[PDB]
Number of protein chains: 6
Amino acid sequence: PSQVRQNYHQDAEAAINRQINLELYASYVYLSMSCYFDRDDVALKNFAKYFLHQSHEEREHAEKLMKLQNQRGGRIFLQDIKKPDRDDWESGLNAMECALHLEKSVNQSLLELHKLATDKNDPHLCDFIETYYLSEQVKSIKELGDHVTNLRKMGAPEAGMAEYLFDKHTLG
Amino acid sequence: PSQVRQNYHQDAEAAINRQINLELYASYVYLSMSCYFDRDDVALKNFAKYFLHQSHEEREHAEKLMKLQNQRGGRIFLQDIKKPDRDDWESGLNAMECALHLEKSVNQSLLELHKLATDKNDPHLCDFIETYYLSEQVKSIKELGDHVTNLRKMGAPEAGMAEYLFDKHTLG
Amino acid sequence: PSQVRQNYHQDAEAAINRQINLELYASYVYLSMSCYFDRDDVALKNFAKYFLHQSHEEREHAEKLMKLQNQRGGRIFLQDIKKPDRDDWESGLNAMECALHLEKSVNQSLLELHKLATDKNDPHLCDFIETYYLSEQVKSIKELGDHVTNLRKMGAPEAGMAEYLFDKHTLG
Amino acid sequence: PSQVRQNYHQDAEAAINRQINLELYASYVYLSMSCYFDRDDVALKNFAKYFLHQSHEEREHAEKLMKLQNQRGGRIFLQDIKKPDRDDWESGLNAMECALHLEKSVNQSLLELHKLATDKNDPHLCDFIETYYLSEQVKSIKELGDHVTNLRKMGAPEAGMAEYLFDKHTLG
Amino acid sequence: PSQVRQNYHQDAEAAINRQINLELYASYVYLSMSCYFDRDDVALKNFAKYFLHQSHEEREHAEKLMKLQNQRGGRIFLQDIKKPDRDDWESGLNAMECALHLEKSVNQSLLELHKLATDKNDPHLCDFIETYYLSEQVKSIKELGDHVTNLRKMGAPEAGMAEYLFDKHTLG
Amino acid sequence: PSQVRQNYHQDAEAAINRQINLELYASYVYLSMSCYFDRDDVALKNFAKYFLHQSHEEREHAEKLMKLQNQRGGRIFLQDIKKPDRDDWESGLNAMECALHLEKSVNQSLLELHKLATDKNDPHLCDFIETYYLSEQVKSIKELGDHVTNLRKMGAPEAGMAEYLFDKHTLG
């Protein structure tokens, strides 16, 4: 056992490694979305900028988990980062809806992680998840929900100017 | 075909996608190395900082290739990012040697990519590879070779103070 | 032969003169587009500013080629700058599409010029074309493709608000 | 007729288009002179800078006429810009003399244009020509006459140092 | 073989060493010219300063090649720097003409070096030569050609004031 | 004889030319040492920087002698700069020892030069050597002796960490 390990259950260590992969996967998905909107036949720079920022943020979340793993004496075991389910997204609205689904999926994993930490009486892990991840996910989910709502009301993707103007105003 | 595509062979488009995956894989490997040196039983912060910086640089290289793919009218097709060949590295010297091998492997792929571009008469692609990638790889390979040389001369990993002092002086 | 001429084939000298005329012609076409959008019955100020800027940029490209011709010991032989194929353009979208066609035509000439330089083993000429022209053309073609995509999606020219809003947001 | 057109005769509109071509032609001639003095076998940097500045100024004059054409409701019809009568000028003195002849020719066209505007009772067009063109041409003609006088007195082109020193002092 | 060596042919390594000696030789020749114009019986300070600057620039070029040799894993083998063909130059014009001949000779060697790199499929070496050497040589050759042209036109060396005034104006 | 020559014996003029070659040779040797420590298999940047600085300093010494030669009315006669006795040095300690031997050899030549100047009653030459060269050589010899002493005490070259730490502390 690591000299620093204390009150860190093996299941929590394994769950953190799974969360690290999920965060890296989420970063990969956002990177794919950013590339799609940089295509000449899509050409929505702020959409590409928005998802590129999310991709970097997800990478930071994964790195923070890696720091937590080493702080508690756990050992990081990396796994393959699966490619996104699709390389050709459909529109700004569809990308936002997919991002909303992705964030809720990540949030669900964190909630399961917090439940595991609570069951193992790991208060530091519970506080770490609450302080840095649960609050961020709720904010991200709310923001994506707002974006989806506005895009739907504006008429996207059927209304051509809807995503163009949303790109300039909301994401600009 | 894309409205912007011009003198961009399909083989070059496929090769760029393969290079993008390799750059992402290289970033993943460097991230693994950075995590290893953050372990309480390794505890080499500057080694971790050095490889973390390389991981971010490799991600930037991959993103720049993605921008090139869209600029030329190609379509990005992402693939699974394979996990690093090992999660438990052995020492600062071994990590540097593995990094040196990785950089040369990436350089070889770029040289093959440049050869493909030359055979297809794609001067813009050739210039893009030369300007932003070939020069960087030579510098990175030279830097890693210098680090390996100094660590070996200092007596690492057998000499305990060798990697500690190299961490403070060269990487600090 | 001029005292400075060295490894500068006559065919390359003739090709540069042809490229100079093409660059001047491209500047003339952009000037025509800028004037069209300054008409009281078109009144798209940022469209006029955009093409006026492109016209000046094309003039700079021609002047740079003239500087290159004298640097290598070649002699500049100017030719008539043919008038643009049309004086009455149709809309912002049509002008962008025509500009996209013009840029690709200029890019094709540069690619042929680079091929000629490569066949004549003129590395300085090849590097000059790659460094200052090939990269710019790819960026210009990508930018015009993005503008055409957004204008088409917004509904131009049928949707009158499309070009007006594109004028204010993208070109403003 | 244009909604803004008022007291703008058809002949004046045609004359403005002819003047626009003449201004563009004058810019082309000055550009040719600038290139000649950039040759390695001429090498008069300030002569090249002087005529390059004149070429840009002539372009501005043409663009200002184009702005005037659209302001008054006229329609710009561009024509081929004929190449300069010669590509190989003879010396600084000869270029100045040719420039002096060119400026007087442009001035004569403007005087004819003003006479046409006066005959058609177009006070705005008359004021526009007087305010921005007639004064400039007189100044340009006087300046070129001074340059020709000094170069002739200094002994150019027979006196080798005449144009060299004139390049450094007057044009430097 | 060096741990960093990759796609670096032995012939390229030998050619670089020969180029290093040529650059050092060129620096030595320029140093000789600078000393000549510092003589009390020549007394052309700006001529001496000009050639002294060129001597330092050539030294920088040689050192940059040495850096390239070590970066690619090659080994630098220095040779005797032959003395300049003459210690007593004749005049500013003759020195410029000799410098022009020297620069073209150096340029020819670089062109041969680039051809060798191209034949060996060494894109990094080709880009290195193009980026830092071919462009500089063309500029240097053009500058020297301009200096020779002006000095000849001014009447040097028979015209006593020609080199004196050229020293003050062009080189001052 | 030169109009400025006064109390400048021919033997002194010849000796100065020999000293100029020796200074240039010393600069060449230091340049070779700097290149050696830039090798990937040596990788001692501060050692390379130290000897590169010495190479430039020796070049300045040669140029100052050339200025003195022309100042006194003598004529500079350059000779071939012989290559260094070896291209592959052995270690930091060996390079310092070789540099120490080189500096003492240069100092001995200067002492012989001063003796010749004293025998010829050339007080200006004696003062010039004392003011700018003799003091510098003693300082350089003392500095190199200190470096050799510390490197030997630290255990170099057998103790690999000795030269690494000396590179960081003394030469950093």
# chains A, B, ... in the order shown; residues from 1 in each chain; ligands from 1
>>> residues_around(residues="residue 111 of chain C", least_positions_apart="5", cutoff="12 Å", atoms="only C-alpha atoms", output="list in words")
residues 6, 7, 8, 121, 122, 123, 124 and 125 of chain B; 15, 19, 104, 105, 106, 116, 117, 118, 126, 129, 130, 133, 134, 135, 137 and 138 of chain C
>>> write_last_selection(atoms="C-alpha atoms", output="PDB file, in the first residue's frame")
ATOM      1  CA  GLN B   6      -8.207  21.765 -54.546  1.00  0.00           C
ATOM      2  CA  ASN B   7      -5.128  19.624 -55.239  1.00  0.00           C
ATOM      3  CA  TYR B   8      -5.855  17.606 -52.077  1.00  0.00           C
ATOM      4  CA  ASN B 121       2.465  17.282 -55.837  1.00  0.00           C
ATOM      5  CA  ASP B 122       0.792  18.983 -52.874  1.00  0.00           C
ATOM      6  CA  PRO B 123       3.212  21.862 -52.190  1.00  0.00           C
ATOM      7  CA  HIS B 124       0.976  23.485 -49.571  1.00  0.00           C
ATOM      8  CA  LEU B 125       0.824  20.266 -47.551  1.00  0.00           C
TER       9      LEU B 125
ATOM     10  CA  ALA C  15       5.559  32.393 -65.639  1.00  0.00           C
ATOM     11  CA  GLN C  19       1.248  35.505 -62.507  1.00  0.00           C
ATOM     12  CA  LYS C 104      -9.165  28.905 -56.806  1.00  0.00           C
ATOM     13  CA  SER C 105      -8.176  29.947 -60.331  1.00  0.00           C
ATOM     14  CA  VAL C 106      -5.330  32.032 -58.895  1.00  0.00           C
ATOM     15  CA  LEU C 116       7.420  24.627 -62.985  1.00  0.00           C
ATOM     16  CA  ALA C 117       9.858  25.832 -60.319  1.00  0.00           C
ATOM     17  CA  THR C 118      10.221  22.295 -58.956  1.00  0.00           C
ATOM     18  CA  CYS C 126       9.480  27.174 -54.691  1.00  0.00           C
ATOM     19  CA  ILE C 129       5.645  30.635 -53.579  1.00  0.00           C
ATOM     20  CA  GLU C 130       4.973  28.348 -50.610  1.00  0.00           C
ATOM     21  CA  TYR C 133       1.220  32.660 -51.718  1.00  0.00           C
ATOM     22  CA  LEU C 134       0.132  29.037 -51.251  1.00  0.00           C
ATOM     23  CA  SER C 135      -0.694  29.482 -47.563  1.00  0.00           C
ATOM     24  CA  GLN C 137      -4.659  31.189 -51.036  1.00  0.00           C
ATOM     25  CA  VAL C 138      -5.755  28.252 -48.875  1.00  0.00           C
TER      26      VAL C 138
END
>>> closest_atom_pairs(of="chain B", to="chain A", cutoff="6 Å", atoms="only C-alpha atoms", output="Markdown table")
| residue | atom | partner | partner_atom | distance |
| --- | --- | --- | --- | --- |
| B:39 | CA | A:70 | CA | 5.3 |
| B:70 | CA | A:39 | CA | 5.3 |
| B:79 | CA | A:83 | CA | 5.1 |
| B:80 | CA | A:83 | CA | 4.6 |
| B:81 | CA | A:81 | CA | 5.0 |
| B:82 | CA | A:80 | CA | 4.6 |
| B:83 | CA | A:80 | CA | 4.6 |
>>> write_last_selection(atoms="C-alpha atoms", output="short mmCIF file (atom, residue, chain, number, x, y, z; two decimals), in the first residue's frame")
data_model
loop_
_atom_site.label_atom_id
_atom_site.label_comp_id
_atom_site.auth_asym_id
_atom_site.auth_seq_id
_atom_site.Cartn_x
_atom_site.Cartn_y
_atom_site.Cartn_z
CA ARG B 39 3.00 9.51 -7.63
CA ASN B 70 -10.85 21.42 -42.74
CA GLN B 79 -10.40 6.84 -34.15
CA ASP B 80 -9.91 5.32 -30.72
CA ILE B 81 -6.90 6.71 -28.85
CA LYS B 82 -5.06 3.58 -27.74
CA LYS B 83 -3.81 3.55 -24.17
#
>>> select_by_dssp(residues="chain F", states="helix (DSSP H, G or I)", output="ChimeraX atom specification")
/F:10-37,45-71,92-119,123-154,160-169
>>> residues_around(residues="segment 164-168 of chain E", least_positions_apart="5", cutoff="9 Å", atoms="only C-alpha atoms", output="PDB file with N, CA, C and O atoms, in the first residue's frame")
ATOM      1  N   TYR D 164      22.165  59.673 -59.097  1.00  0.00           N
ATOM      2  CA  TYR D 164      22.453  59.100 -57.788  1.00  0.00           C
ATOM      3  C   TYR D 164      22.258  60.136 -56.688  1.00  0.00           C
ATOM      4  O   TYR D 164      21.579  59.879 -55.688  1.00  0.00           O
ATOM      5  N   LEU D 165      22.845  61.324 -56.860  1.00  0.00           N
ATOM      6  CA  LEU D 165      22.720  62.361 -55.843  1.00  0.00           C
ATOM      7  C   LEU D 165      21.299  62.907 -55.778  1.00  0.00           C
ATOM      8  O   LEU D 165      20.787  63.194 -54.689  1.00  0.00           O
TER       9      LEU D 165
ATOM     10  N   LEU E  44      38.005  54.431 -46.106  1.00  0.00           N
ATOM     11  CA  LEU E  44      36.573  54.391 -46.403  1.00  0.00           C
ATOM     12  C   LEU E  44      35.909  53.642 -45.251  1.00  0.00           C
ATOM     13  O   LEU E  44      35.741  52.420 -45.305  1.00  0.00           O
ATOM     14  N   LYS E  45      35.530  54.384 -44.208  1.00  0.00           N
ATOM     15  CA  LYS E  45      35.065  53.756 -42.975  1.00  0.00           C
ATOM     16  C   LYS E  45      33.797  52.942 -43.205  1.00  0.00           C
ATOM     17  O   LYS E  45      33.683  51.807 -42.729  1.00  0.00           O
ATOM     18  N   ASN E  46      32.828  53.505 -43.929  1.00  0.00           N
ATOM     19  CA  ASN E  46      31.568  52.794 -44.126  1.00  0.00           C
ATOM     20  C   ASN E  46      31.754  51.554 -44.988  1.00  0.00           C
ATOM     21  O   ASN E  46      31.055  50.555 -44.789  1.00  0.00           O
ATOM     22  N   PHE E  47      32.681  51.593 -45.949  1.00  0.00           N
ATOM     23  CA  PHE E  47      33.038  50.372 -46.663  1.00  0.00           C
ATOM     24  C   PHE E  47      33.599  49.331 -45.705  1.00  0.00           C
ATOM     25  O   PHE E  47      33.236  48.151 -45.772  1.00  0.00           O
ATOM     26  N   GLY E  92      36.579  50.286 -53.801  1.00  0.00           N
ATOM     27  CA  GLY E  92      35.257  49.900 -53.342  1.00  0.00           C
ATOM     28  C   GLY E  92      34.490  49.115 -54.387  1.00  0.00           C
ATOM     29  O   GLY E  92      33.832  48.120 -54.072  1.00  0.00           O
ATOM     30  N   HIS E 147      24.786  47.801 -55.456  1.00  0.00           N
ATOM     31  CA  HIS E 147      25.962  48.591 -55.107  1.00  0.00           C
ATOM     32  C   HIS E 147      26.933  48.677 -56.277  1.00  0.00           C
ATOM     33  O   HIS E 147      27.476  49.750 -56.564  1.00  0.00           O
ATOM     34  N   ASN E 150      25.470  51.123 -58.949  1.00  0.00           N
ATOM     35  CA  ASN E 150      25.584  52.534 -58.595  1.00  0.00           C
ATOM     36  C   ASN E 150      27.032  53.005 -58.662  1.00  0.00           C
ATOM     37  O   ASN E 150      27.314  54.091 -59.182  1.00  0.00           O
ATOM     38  N   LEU E 151      27.966  52.201 -58.150  1.00  0.00           N
ATOM     39  CA  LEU E 151      29.369  52.595 -58.191  1.00  0.00           C
ATOM     40  C   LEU E 151      29.858  52.741 -59.627  1.00  0.00           C
ATOM     41  O   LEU E 151      30.573  53.697 -59.951  1.00  0.00           O
ATOM     42  N   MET E 154      28.294  55.941 -61.049  1.00  0.00           N
ATOM     43  CA  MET E 154      28.907  57.130 -60.470  1.00  0.00           C
ATOM     44  C   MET E 154      30.306  57.392 -61.009  1.00  0.00           C
ATOM     45  O   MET E 154      30.835  58.489 -60.797  1.00  0.00           O
TER      46      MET E 154
END
>>> residues_around(residues="residue 91 of chain D", least_positions_apart="4", cutoff="9 Å", atoms="only C-alpha atoms", output="NGL selection string")
:D and (37 or 42 or 95-96 or 156-157 or 163)
>>> atom_distance(atom1="atom CA of residue 54 of chain E", atom2="atom CA of residue 50 of chain F")
24.3 Å
